[PDB]
Amino acid sequence: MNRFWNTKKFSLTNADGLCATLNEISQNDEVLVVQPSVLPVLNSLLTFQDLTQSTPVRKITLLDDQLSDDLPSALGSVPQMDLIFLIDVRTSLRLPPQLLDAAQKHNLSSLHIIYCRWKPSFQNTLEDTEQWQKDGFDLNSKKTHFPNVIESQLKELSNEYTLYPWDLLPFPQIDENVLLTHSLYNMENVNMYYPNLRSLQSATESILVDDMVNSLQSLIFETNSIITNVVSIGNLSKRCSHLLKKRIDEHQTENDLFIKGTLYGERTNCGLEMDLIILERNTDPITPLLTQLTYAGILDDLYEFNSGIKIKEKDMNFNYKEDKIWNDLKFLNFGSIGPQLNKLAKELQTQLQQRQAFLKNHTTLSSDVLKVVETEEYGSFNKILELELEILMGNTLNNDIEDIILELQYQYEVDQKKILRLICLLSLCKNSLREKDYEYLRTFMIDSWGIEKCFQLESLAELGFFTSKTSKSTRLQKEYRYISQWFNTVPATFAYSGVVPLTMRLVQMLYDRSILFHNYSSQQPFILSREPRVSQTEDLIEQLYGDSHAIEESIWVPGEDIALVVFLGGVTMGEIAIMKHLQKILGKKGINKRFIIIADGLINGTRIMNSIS
Amino acid sequence: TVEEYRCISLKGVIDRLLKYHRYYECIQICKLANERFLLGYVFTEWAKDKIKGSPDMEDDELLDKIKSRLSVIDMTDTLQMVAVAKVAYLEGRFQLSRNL
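Residues numbered from 1 in each chain as written, not as in the entry; some residues may be left out. Chains lettered and ligands numbered in written order. Part of a larger assembly, values for the part shown. Heavy atoms only, no water. Residues with missing side-chain atoms left out of burial classes, pairs and counts.

Where the PDB entry is consulted, chain B appears under the name Vacuolar protein sorting-associated protein 16, with the organism given as Saccharomyces cerevisiae. In the PDB, the title recorded for this entry is "Endosomal membrane tethering complex CORVET".

The PDB entry lists chain A under the name Vacuolar protein sorting-associated protein 33, with Saccharomyces cerevisiae as the source organism. Quoted verbatim from the Subunit field of UniProt, the annotation for chain A is "Component of the HOPS complex which is composed of PEP5, VPS16, PEP3, VPS33, VPS39 and VPS41. HOPS associates with phosphoinositides and the PX domain of VAM7. Interacts with IVY1 and VAM7." The UniProt entry for chain A carries this comment under Sequence similarities: "Belongs to the STXBP/unc-18/SEC1 family." (UniProt positions renumbered as here; feature names shortened; annotations may be inferred.)

Here it is, written out as structure tokens:
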């Protein structure tokens, strides 16, 4: 807020707007009807008690076909004032049929709905006071617009179209530092980047990039920032950067270009820098599939977080704004939790009961997790780690891989997803697999897991995960054993099998070429540069991607620090753990910066496997 | 006088002189008065009158003139040319209306 990104301050605006709208609906007893996908987000913002006390609504429901049978049971009952639906139409451009069938059948006499949208900063605070009646109606907005958007398909029943545009802007839930935008799923639980229908990839990609650009524009115009340097990586990031630049340069108002002349300008500057490094998940498919070792990573891949940051099996919330025990243990390694918990418990003995309840709950949950790690296919949780560590450095032999893949297939029972992920990593690590092993691996797969597995192994065999030795979308076509020489991923590191992520070193090289100095270096343009630059580092990335055009460096202004590292394609939460380590080590070395990680939705190995199915 | 100038806004003065087909005088008051809001209101009227004027013209040269005269004006308010395109479409000229 006001050039200082007070992230928690973003939370209040959405709640205030929703409360004002709901209280301005009607001063009676209201019943709320909320879409299943958006409800968890709303509950993570407004508590039930606050919702009841602030506005006279007293009931919340869900959009389901069960309501059709309950139309004469639930909808017929209550209905003290009216029914206020809440829908999300930001993606999939289609209203759910539930409201369509309920409107005509139950014959509601008052239809009011709520639709979500990003904040229209271009409205610039209603533009003063309409310029004293538009200086004699010199400007007007009647019919100066298309008749309807998306909701033009709603042209049935009555004219009760009291729409209400509730505003929404990103706010942090999992942690103070990192915000999160939900644009990676539809209402049908289909991945927005890896859809299970290989006929409409291009449109889905365009829609995703458009929505991401819209969210970034909303945040940028809300915070009143001036981007100075852009480091785009990949193909889609190029289009995203160009579209964002065009949209910023088109829709910006006046009274700020004048400031753009005063600040920065010609022959002078004021020492303000913001960076917009952008990456794509397809660039490095090496590390969304490794096993998590941090506490929240282990707790995540065994029990999937929903849209809200909570879990079904437990009841206590993991929100950071009311508890401090979770703050200091979320990103620590699993091994260093026990003794720390023992010390925390023993120090309080000499020494309010809410802390006791919190520590008891944490101890019980940790004990349950430790118990469930073992005795549940004992040794698998470690065996996969040793196998992954062996594969990453490279120890594959002639036809011996077929012996170990089925070694744990039925000796220890294991899910399909683990095997599929491991074989994908095997096929991806060597950057190529010969033509004499697919004929056996695919045969065994189709033998053991049905007939539909052939379709999965065919569809997944074109995104780059499952390739054969015999508009490129920026795949990776270089052996990984080479990358272990330029970079020092395998020696400082946690949340993995002792391996540094590839994105980690990719962002490291932009500011300090130390590891690149040890290997493949005789001269460098610099050793410590404050501004992001890319020079004399083309050939290494020319062979790494097959084209010396993936790297893009853009300077916008002609002539401590906020860096916006967005993530198009999900964030593997282990990267968040190493981001803090990067910030700490860079601050120690001398360069002081602050990182904000924009995420389109948490991504994880198993969560990917159901996507392409 | 000063008191009469208070009764009616500057737009009231600009209209009285735009009425009598004097499209260069008006555009000079706006420059000296240091205003931008009432700038495009002269240009839209001039374009409408020019389009609705000489009927025996040619599309390419008419568009060239109507777009070269737009280069001088650098301002975005009340500069809507949808009305100009409509009034061009209201008569036989269709290609020029589409090209505008």
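(A) How the structure looks around the overall build of chain B. The secondary structure content of chain B amounts to 7 helices and 0 strands. Listed by position from the N terminus, the elements making up chain B come as α-α-α-α-α-α-α. Principal-axis analysis of the C-alpha atoms places the extent of chain B at approximately 50 × 25 × 20 Å. Expressed as a percentage of the 100 residues in chain B, the buried residues total 31%. Pairs at least 24 residues apart make up 55% of the contacts formed inside chain B by residues separated by at least 6 positions. Of the side-chain charges in chain B, 16 are positive and 16 negative, and the distance between the mean point of each set is 2 Å. (Helix = DSSP H or I, 4+ residues; strand = E, 2+ residues; numbered from the N terminus. Buried < 20%, exposed > 50% of the residue type's maximum accessible area, 1.4 Å probe, protein only. Contact = heavy atoms within 4.5 Å. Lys, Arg positive; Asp, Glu negative; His and termini not counted. Charge placed at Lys NZ, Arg CZ, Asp CG, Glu CD.)

(B) Summary view of the environment of A:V565. Relative to the helices and strands, A:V565 resides in strand β10 (residues 562-568). It is 22 Å that separates the C-alpha atoms of A:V565 and A:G605, two residues lying 40 residues apart in sequence.

(C) Here's a closer look at the interface of chain A and chain B. Residue-level contacts link 4 residues of chain A with 6 residues of chain B. Here chain A meets chain B over a buried area of about 490 Å², counting both sides, of which 60% is carbon and sulfur. Our count for the chain A to chain B interface comes out at 0 salt bridges. Our count for the chain A to chain B interface comes out at 0 residue pairs in polar contact. (Buried area = accessible area lost by both parts, 1.4 Å probe. Salt bridge = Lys/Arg side-chain N within 4 Å of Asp/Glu carboxyl O. Polar contact = N/O pair within 3.5 Å; in protein donor to acceptor, adjacent residues only side chain to side chain.)

(D) Layout of the environment of A:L293. All names here are of chain A. In this fold, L293 is placed in the loop between β8 (278-280) and α12 (295-302). The spatial distance from the C-alpha of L293 to the C-alpha of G335 is 9.0 Å, given a sequence separation of 42 residues. If sequence neighbours within four positions are ignored, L293 has contacts with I298, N333, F334, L385, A495, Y496 and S497.

(E) Here's a closer look at the nonpolar core. Residue and element names in this part refer to chain A. With 67 residues, the main nonpolar core has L216, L276 and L460 as its most contacted residues. No other element matches the 8 residues that helix α9 (residues 201-223) contributes to this core. One finds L540, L544, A563 and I597 within the second-largest nonpolar core, a separate group that totals 54 residues. (Core = buried A, V, L, I, M, F, W, Y, C linked by side-chain atoms within 4.5 Å.)

(F) Molecular detail of a nonpolar patch on the surface. Residue and element names in this part refer to chain A. On the surface, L93, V149, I150 and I207 cluster together into a nonpolar patch covering about 340 Å² of accessible area. Turning to its location among the elements, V149 is positioned in the loop between α8 (130-137) and β5 (164-168). For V149, a relative accessible area of 57% corresponds to the exposed category. (Patch = residues over 30% accessible without salt bridge, like charges linked within 9 Å, V, L, I, M, F, W, Y side chains within 5 Å. Areas by Shrake-Rupley, 256 points an atom, 1.4 Å probe, with all protein chains shown as cover.)

(G) Representation of the side chain of A:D275. Residues and elements named next belong to chain A. Topologically, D275 is positioned in strand β7 (residues 274-275). Overall, the relative accessible area of 1% leaves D275 in the buried class. A polar contact is formed between the side chain of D275 and the side chain of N229, at a distance of 3.1 Å. If we skip the residues at most four places from it in the chain, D275 touches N229, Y511, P532, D561, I562, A563, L564 and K593.

(H) Here's a closer look at the packing of helix α4 (residues 40-51) of chain B against helix α6 (residues 82-89) of chain B. All names here are of chain B. Between α4 and α6, the least distance of the axes is 10 Å, while the angle of their chain directions is 10°. In terms of orientation, α4 lies roughly parallel with respect to α6. Of α6, the residues touching α4 (which contributes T44, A47, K48 and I51) are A83, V84, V87 and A88. Here the residues of the contact of α4 with α6 are counted per class, giving 6 nonpolar, 1 polar and 1 charged. (Axes fitted to C-alpha atoms, helices over the stretch in contact; angles between N-to-C directions. Parallel < 35°, antiparallel > 145°, perpendicular 65-115°, else oblique. Nonpolar A, V, L, I, M, F, W, Y, C, P; charged D, E, K, R; others polar.)

(I) The arrangement of the pattern of salt bridges in detail. A full pass over the atoms with the stated rule returns 18 salt bridges over all chains. When the shortest N-O distance is used, the salt bridge between A:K593 and A:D275 registers 3.1 Å. B:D64 serves as the salt-bridge partner of B:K67, at 2.7 Å between the closest nitrogen and oxygen. In this pair, B:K67 and B:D64 are both assigned in helix α5 (residues 59-68), 3 residues apart and thus about one turn of the helix distant. With a relative accessible area of 46%, B:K67 lands in the partly exposed category. Among the ionic contacts, a cluster of salt bridges with common partners joins A:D175, A:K330 and A:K580.

(J) The arrangement of the sheet that holds strand β3 (residues 83-87) of chain A in detail. Residues and elements named next belong to chain A. With parallel pairing, the 5 strands of this open sheet are ordered in space as β2-β1-β3-β4-β5. Each end of this open sheet is capped by a strand with a single partner; those strands are β2 (57-62) and β5. Across this sheet, the average inter-strand angle for adjacent strands is 25°, counted without regard to direction. Here 5 bridges tie strand β4 (residues 111-118) to β5, and the two strands are oriented parallel to one another. Looking at the pairing, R117 lines up with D167 of β5. On the sheet, helix α1 (residues 9-25) packs against β1 (30-34), β3, β4 and β5 and is oriented at approximately 165° with respect to β5. (Pairing = 2+ DSSP bridges.)

(K) Region of interest: the packing of aromatic side chains. All names here are of chain A. Throughout the structure, instances matching the rule amount to 13 aromatic pairs over all chains. Members of the aromatic cluster, each reached through a chain of ring pairs, are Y295, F305, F318, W326 and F334. The residue whose ring lies beneath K155 is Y161, and the NZ or CZ to ring-centre distance is 5.6 Å. Lying over the aromatic face of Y303, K314 brings its terminal NZ or CZ to 5.4 Å of the ring centre. (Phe/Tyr/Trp six-rings, centres within 6.5 Å; stacked < 30°, edge-to-face > 60°. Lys NZ or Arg CZ within 6 Å of the ring centre and 35° of its normal.)

(L) The environment of A:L154, seen in detail. Residues and elements named next belong to chain A. The topology assignment puts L154 in the loop between α8 and β5. Look at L154 and you get buried, because its relative accessible area is 14%. On a C-alpha basis, the gap between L154 and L100 in space is 8.5 Å, while along the polypeptide they are 54 residues apart. Apart from residues no more than four positions distant in its own chain, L154 is found in contact with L100 and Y161.

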